[PDB]
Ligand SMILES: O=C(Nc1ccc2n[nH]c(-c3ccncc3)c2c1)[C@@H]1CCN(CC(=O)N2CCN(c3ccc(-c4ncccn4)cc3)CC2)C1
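Just the one chain here, the form deposited without the ligand, laid out as structure tokens.
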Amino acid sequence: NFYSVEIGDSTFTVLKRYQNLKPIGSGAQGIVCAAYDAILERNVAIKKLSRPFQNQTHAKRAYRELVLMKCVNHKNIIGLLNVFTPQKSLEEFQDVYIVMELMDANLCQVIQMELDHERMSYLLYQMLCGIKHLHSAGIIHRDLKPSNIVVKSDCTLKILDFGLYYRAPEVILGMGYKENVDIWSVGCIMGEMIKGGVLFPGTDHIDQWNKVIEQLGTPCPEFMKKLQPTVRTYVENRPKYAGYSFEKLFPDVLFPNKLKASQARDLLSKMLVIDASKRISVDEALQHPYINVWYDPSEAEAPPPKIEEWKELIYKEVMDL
């Protein structure tokens, strides 16, 4: 029924339908292999959870990923294709394998490429749709970035994971956030495509913070009040940072067509707002005239998704196929 392949120092015991495994990842989550699906006849991604339950900490994350991956369903989000265990019983239950869609690359390089407004605004359109579905499911990523967004040669895009320089101020700082926390990231990723390099490069969360302020300008006093005592002192001790105009930050020397270059800037001007309360929302971003051209209600507004005890919960989740 199953078979075993040795990849690195771990043993991948998976369904015989999957072959040509090759490790393409290895983080906290676990090990990810690229593999050929002989039944669907397509390339998939097999993820073997690392220590599913070797501590109440891991189990909840494992239970977290499984449940979400199940209900969550959109084209602009990594699609689940299978979840299986090589173990015959709950007693022996030890490994969790999640098969998902396999994409061609993330936006780490395509961002430093040359995209026309079509490809530019389209990829972004698709980000907004996936992020919105995530949101309409109570999931607020908070950690979107180039290596987080995956794409295909046919110009389609998807969000890789449900998350938790591209972080929003609310996040860099110990502040509370809302759903538009992810618009900042979109604002960052969009801007980096036009620039060609990371918008706000910070050697550390403090420097990072300085780059942004110096660039966009210091926020209004109403925001400063909403700041922790210690950090508020820090900002009030620096020179007056007025930021620059988006025409200076984003000069026409980067855009190809008079209307579209201005629109992309106007949009950037509403996503890169320090004060989260004056920052554009996804719905508004999807309606913006630079993004709205690809708008489709079926995409942009698709209906929402939905101890030793953790071993059973997970197992039960996995056994529901």
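When you see a residue number, it is the position in the sequence shown, counting from 1. So that the term is clear: the rigid core is the largest set of C-alpha atoms that superpose within 1.5 Å between two forms.
Using the rigid core as the fitting frame, the root mean square C-alpha deviation in 5 other deposited structures of this protein is greater for 91 to 99 than for the other of 155 to 163 and 91 to 99.
Annotation: of the segments 205 to 213 and 236 to 244, 236 to 244 departs further from this form in 5 other deposited structures of this protein (C-alpha atoms, root mean square over structures and residues, core superposition).
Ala28, though modelled here, lacks coordinates in at least a third of the other entries of this protein that were compared and that model residues flanking it. Gap check for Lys306 to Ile307: 10 or more deposited residues are absent from the model. Going from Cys220 to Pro221, you skip over nothing: the modelled chain follows the deposited sequence without a break. Look at the mean CA B-factor for 56 to 64 and for 272 to 280 in the entry; the higher one is 56 to 64. Stretches 126 to 134 and 237 to 245 differ in mean C-alpha B factor, with the higher average recorded for 237 to 245. Highest C-alpha temperature factor among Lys152, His141, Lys178, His205, as the PDB entry reports it: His205. Note on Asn106, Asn73, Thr156, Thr85: the highest value goes to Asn73, judged by CA B factor as recorded. Sort the chain's modelled residues by C-alpha temperature factor and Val96 lands in the lowest third, per the entry. For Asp182, the recorded CA B-factor ranks within the lowest third of the chain. Only modelled residues enter the ranking. Sort the chain's modelled residues by C-alpha temperature factor and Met319 lands in the middle third, per the entry. The entry lists a Cα temperature factor for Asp9 that places it in the lowest third of the chain's modelled residues.
Remark: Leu286 belongs to the lowest third of its chain, ranked by C-alpha B-factor as recorded.
Not on display, but discussed next: the form solved in complex with the ligand.
The pocket of the unliganded chain is judged blocked, since the ligand, transferred from its pose in the bound PDB entry by superposition of the C-alphas around the site, places three or more atoms within 2.4 angstroms of backbone or C-beta atoms.
Using a 4.5 angstroms threshold between heavy atoms, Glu214 stays clear of the ligand in the bound PDB entry. Shown alone here, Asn292 lies farther than 4.5 Å from the ligand in the bound PDB entry, counting heavy atoms only. Within this chain, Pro304 is remote from the site of the ligand in the bound PDB entry, having no heavy atom within 4.5 Å. Mapping the unseen interface onto this chain, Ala45 counts among the residues with a heavy atom inside 4.5 Å of the ligand in the bound PDB entry. Proximity to the ligand in the bound PDB entry, defined as a heavy atom within 4.5 Å, singles out one entry of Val32, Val273, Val67, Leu254, which is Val32. Checked against the ligand in the bound PDB entry, the candidates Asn82, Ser136, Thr218, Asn106 yield a single residue with a heavy atom inside 4.5 Å, and that residue is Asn106. Of the candidate stretches 218 to 226, 246 to 254, 127 to 135, 94 to 102, only 94 to 102 has residues with heavy atoms within 4.5 Å of the ligand in the bound PDB entry. The candidate site formed by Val5, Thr13 and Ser89 is entirely out of contact with the ligand in the bound PDB entry, as no residue has a non-hydrogen atom within 4.5 angstroms of it. Along 130 to 154, residues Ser147, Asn148, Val150 each place a heavy atom within 4.5 Å of the ligand in the bound PDB entry.
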